[PDB]
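Reviewing the structure listed below.
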Amino acid sequence: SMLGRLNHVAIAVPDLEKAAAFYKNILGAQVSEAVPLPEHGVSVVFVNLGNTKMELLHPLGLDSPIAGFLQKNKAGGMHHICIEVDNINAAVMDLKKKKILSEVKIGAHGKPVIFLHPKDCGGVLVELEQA
Amino acid sequence: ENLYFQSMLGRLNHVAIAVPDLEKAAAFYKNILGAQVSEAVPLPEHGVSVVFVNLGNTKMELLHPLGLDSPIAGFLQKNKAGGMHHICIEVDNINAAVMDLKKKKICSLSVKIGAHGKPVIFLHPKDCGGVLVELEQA
Ligand SMILES: [Co+2]
Ligand SMILES: [Co+2]
């Protein structure tokens, strides 16, 4: 098998500051500072849960991919999960061979990623990232 | 970063996904993605059947309604194709946690016995950024 550990769960939030402060000051999580990533059109806050991370996303730019998501879910909502694969290239070829959204691109962690359409995943947008 | 950290929040225990078909969802993660998938476990006391997808560092729970009064039944009526439902974070002691939330004037959605036999509570997604968060005793 090529599948690995869950890298992160992504949450689109309508306010980055108040979302990060909730997990930090209400739930007592270890929370990072807001990191702007213009090449991906989001600002990210990393919530470290020990075994995995939570990514709080906020749009950065008008053509941001998650800008439309927050327009349908104005209060926020779960966006996608990220599972690691030992090799992104053999994975896509095994998925293409298995006749299974994204046309391989460098992800928000500097590693190549792809996104699977939620229809084939049970309703959840699944991002596969090179381990 | 080896900083001073005093907190009762723990590891992420699972991420829950409500699916319109348990069998076809479990088969996808097992046979398409190569994940370790459990057999369907019925939980009538909670009105769901659950399939556990073990990713090593955490688990994903694929939920399907079991009974007409299922709690995720309304979710699957709005999201017919499925969707992410909630996350579950462990706490070192559920009782000290709930009152620390009450002291912080945080109104909770739910203490009840959860799907793993341990006491749980649910926070309203408005205060969590849109995600339903379940706290369960570690
Ligand atoms: Co991501
Ligand atoms: Co749960």
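Residues in the structure tokens are numbered from 1 in each chain, the chains being A, B, ... in the order shown, and ligands are numbered from 1 in the order shown.
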Exercise for review: Fewer than 5 positions away in the same chain doesn't count, so skip those; otherwise give me all residues within 8 Å of range 94-107 of chain A, counting only C-alpha atoms, as a VMD selection string.
Suggested key: (chain A and resid 40 112 to 117 120 129) or (chain B and resid 32)
Would you write out those residues with N, CA, C and O atoms, as a tab-separated table (two decimals), in the first residue's frame?
chain	number	residue	atom	x	y	z
A	40	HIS	N	-1.06	30.06	-2.87
A	40	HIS	CA	-2.19	29.16	-2.68
A	40	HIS	C	-3.47	29.90	-2.32
A	40	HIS	O	-4.50	29.25	-2.12
A	112	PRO	N	4.67	17.96	-3.54
A	112	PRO	CA	3.63	17.80	-4.57
A	112	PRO	C	2.37	17.18	-3.99
A	112	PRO	O	2.42	16.28	-3.16
A	113	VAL	N	1.22	17.69	-4.45
A	113	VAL	CA	-0.08	17.25	-3.97
A	113	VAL	C	-1.03	17.07	-5.15
A	113	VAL	O	-0.81	17.60	-6.24
A	114	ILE	N	-2.11	16.31	-4.91
A	114	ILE	CA	-3.26	16.26	-5.80
A	114	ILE	C	-4.52	16.21	-4.95
A	114	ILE	O	-4.48	15.85	-3.77
A	115	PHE	N	-5.64	16.55	-5.58
A	115	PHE	CA	-6.93	16.59	-4.91
A	115	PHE	C	-7.88	15.64	-5.62
A	115	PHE	O	-7.99	15.67	-6.85
A	116	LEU	N	-8.56	14.80	-4.85
A	116	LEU	CA	-9.55	13.88	-5.39
A	116	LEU	C	-10.94	14.49	-5.25
A	116	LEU	O	-11.22	15.19	-4.27
A	117	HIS	N	-11.80	14.23	-6.22
A	117	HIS	CA	-13.13	14.80	-6.19
A	117	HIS	C	-13.96	14.16	-5.08
A	117	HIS	O	-13.93	12.93	-4.91
A	120	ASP	N	-16.13	10.69	-5.44
A	120	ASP	CA	-15.52	9.37	-5.33
A	120	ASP	C	-14.98	9.08	-3.93
A	120	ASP	O	-14.55	7.95	-3.68
A	129	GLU	N	-0.74	14.04	-0.42
A	129	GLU	CA	0.51	14.78	-0.40
A	129	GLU	C	1.68	13.82	-0.27
A	129	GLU	O	1.60	12.83	0.47
B	32	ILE	N	-9.24	1.23	-3.20
B	32	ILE	CA	-8.73	2.26	-4.11
B	32	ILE	C	-7.53	2.98	-3.52
B	32	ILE	O	-6.52	3.18	-4.19
Review point. Counting only C-alpha atoms and all ligand atoms, what residues are within 10 Å of ligand 1, given as an NGL selection string?
Key: :A and (7-11 or 40 or 44 or 54-57 or 79-83 or 107-109 or 113-115 or 125-129)
Practice item. Compare A:3, A:78, A:37, A:13 by their minimum atom-to-atom distance to residue 127 in chain B, counting only C-alpha atoms, and give me the closest one. Key: A:13
Show me which residues are within 8 Å of ligand 2 counting only C-alpha atoms and all ligand atoms, and format the list as a compact mmCIF listing (two decimals) with N, CA and C atoms, in the first residue's frame.
# COMPACT_ATOMS: atom_id res chain seq x y z
N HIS B 14 -10.44 11.02 16.13
CA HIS B 14 -10.96 10.65 14.82
C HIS B 14 -11.58 11.85 14.12
N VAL B 15 -11.75 11.69 12.80
CA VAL B 15 -12.54 12.59 11.97
C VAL B 15 -13.72 11.79 11.42
N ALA B 16 -14.92 12.35 11.55
CA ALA B 16 -16.14 11.63 11.18
C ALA B 16 -16.69 12.12 9.85
N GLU B 61 -13.86 7.83 10.83
CA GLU B 61 -15.08 7.08 11.09
C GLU B 61 -16.09 7.41 10.00
N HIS B 86 -17.82 15.78 11.77
CA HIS B 86 -17.26 16.34 13.00
C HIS B 86 -15.87 15.78 13.23
N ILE B 87 -15.14 16.43 14.14
CA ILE B 87 -13.85 15.94 14.61
C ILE B 87 -13.98 15.62 16.09
N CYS B 88 -13.07 14.76 16.57
CA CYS B 88 -13.07 14.33 17.96
C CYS B 88 -11.68 14.50 18.54
N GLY B 114 -20.43 8.43 24.86
CA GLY B 114 -20.18 8.51 23.43
C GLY B 114 -20.18 7.15 22.76
N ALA B 115 -19.84 7.16 21.47
CA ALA B 115 -19.85 5.95 20.67
C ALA B 115 -18.73 4.98 21.03
N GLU B 134 -16.17 17.37 19.01
CA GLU B 134 -16.53 16.48 20.10
C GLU B 134 -15.32 16.27 20.99
Practice item. Counting only C-alpha atoms, collect the residues of chain B whose closest atom lies at most 9 Å from chain A, and write them out as a ChimeraX atom specification. Key: /B:5-13,15,17-21,24-25,28-29,32-35,54-59,62,79-86,89,97,100-101,104,106,125-132
Exercise for review: Name the residues of range 63-105 of chain A that come out as helix (DSSP H, G or I) in a backbone DSSP run; write them as an MDAnalysis selection string.
Suggested key: chainID A and resid 67:72 88:97
Selection to disk with C-alpha atoms, as an mmCIF file, in the first residue's frame:
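The new file result-v4.cif reads:
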data_model
loop_
_atom_site.group_PDB
_atom_site.id
_atom_site.type_symbol
_atom_site.label_atom_id
_atom_site.label_comp_id
_atom_site.auth_asym_id
_atom_site.auth_seq_id
_atom_site.Cartn_x
_atom_site.Cartn_y
_atom_site.Cartn_z
ATOM 1 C CA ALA A 67 -13.652 32.157 -0.924
ATOM 2 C CA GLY A 68 -16.660 30.523 -2.578
ATOM 3 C CA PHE A 69 -16.713 27.884 0.162
ATOM 4 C CA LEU A 70 -17.109 30.519 2.875
ATOM 5 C CA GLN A 71 -19.874 32.142 0.819
ATOM 6 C CA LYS A 72 -21.977 28.978 1.040
ATOM 7 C CA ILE A 88 2.923 10.880 -5.392
ATOM 8 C CA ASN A 89 3.810 9.784 -8.936
ATOM 9 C CA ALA A 90 3.147 6.050 -8.605
ATOM 10 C CA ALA A 91 -0.019 6.994 -6.719
ATOM 11 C CA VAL A 92 -1.515 9.108 -9.528
ATOM 12 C CA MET A 93 -0.706 6.409 -12.083
ATOM 13 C CA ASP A 94 -2.326 3.766 -9.896
ATOM 14 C CA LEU A 95 -5.347 6.051 -9.506
ATOM 15 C CA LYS A 96 -5.494 6.836 -13.230
ATOM 16 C CA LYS A 97 -5.136 3.118 -13.989
#
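Rounded to one decimal, CA of residue 50 in chain B and CA of residue 75 in chain B lie 15.5 Å from each other.
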